[PDB]
Structures are given as C-alpha cells and as structure tokens.
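Next up: just one chain, as structure tokens, the form deposited in one PDB entry.
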C-alpha cells in the first residue's frame, strides 16, 4: 500500500482520476506487440499510450510497462480481468499486477519521450501513442517530433 495503489471503488466514484498505469512482472521475452495483443483481449481501443522498454543488449524487456487509458474506468476493466493471473499458464512465478504510474497523462508521456534517445532505436522498442477520440480511436498515431 502506497500512493500508487489502485483502488477500483475510488476510480468508479471519480475520487481518483489518474489514467496512467504501470504493468508489473512482465516476462522479459515479451515484445511490445505481444503486450499490445495481451491488453487488447480485454481493453482494445481504450488506451492511447503504451511503452515496454526493451534492453537491446540482452534479448529482454525491463519487466514492466506503462499504459495511459483514455478513461480511468478502463483501469477497472483491465485490473479485474488480469490482476492476479499468470503471465504464462505454465509458470506460477510471474503474476500480472498494476499500480499507478509516476508520470500521468498522454500529454506528459509524449513530452517525456519525444526528445528521448529511445525514439531513434528500432521502432519495435519505441513508445507508441494511439488516437484518443473519434472514429479512428485506437489506431496508431505518429509520435510527435522532438521539440527541444
């Protein structure tokens, strides 16, 4: 229990309007595409930012990821379906868990990474954003250019 614990009741009532979530304990061989597909099982079209950092030296990710949901209620959908479940049906070790992210909001996450050096590694390792509203909601958006 800390300032980043996710409480569903206070999300539903509007007490906590944070939208960015840290996904924990990801097996290090997951790719960004696999994570996107994993989330889309229950939350397709409900988020507009996804980043799973890939350590290019190894063949592994850092074990966690950050996702910005468009509406806070979508956290309840993802959490109630995935929290406590195994990342791999053959291994009890890695269990999906969530908490609030320390950087909140699509705008802040864009500003964090648009000038970052990871934007010039392979696109498979880059943060991704998606259309937040309208008929194109959920489609991938070009990341804004560096502004520094």
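Whichever C-alpha set is largest while still superposing within 1.5 Å between the two forms counts as the rigid core. Positions refer to the first chain, counted from 1.
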query: Selected stretch [higher average CA B-factor]: 112-120 or 61-69; finding: 112-120
query: Residue range whose averaged C-alpha B-factor is higher in the record, 52-60 or 32-40; finding: 52-60
query: Among modelled residues of the same chain, the CA temperature factor third for residue 45; finding: lowest
query: CA B-factor placement of residue 106, once the chain's modelled residues are sorted into thirds; finding: lowest
query: Cα B factor band for residue 84 (lowest, middle or highest third within the chain); finding: middle
query: Relative C-alpha B-factor of residue 128, binned into the chain's lowest, middle or highest third; finding: lowest
query: Cα B factor band for residue 1 (lowest, middle or highest third within the chain); finding: highest
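From this point on, the text means the form deposited in another entry, which you will not see here.
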property: Flagged residue of 85, 28, 42, 116 - C-alpha shift reaching 2 Å or more between this form and the one not shown, core superposed; result: 116
property: Large Cα shift (2 Å or above) at residue 126 between this form and the one not shown, core-fitted; result: yes
property: In that other deposited form, shift in Cα separation for residue 44 relative to residue 118, 3 Å or more; result: farther
property: Pair residue 124/residue 67, Cα separation in that other deposited form versus the displayed form, closer or farther by 3 angstroms or more; result: farther
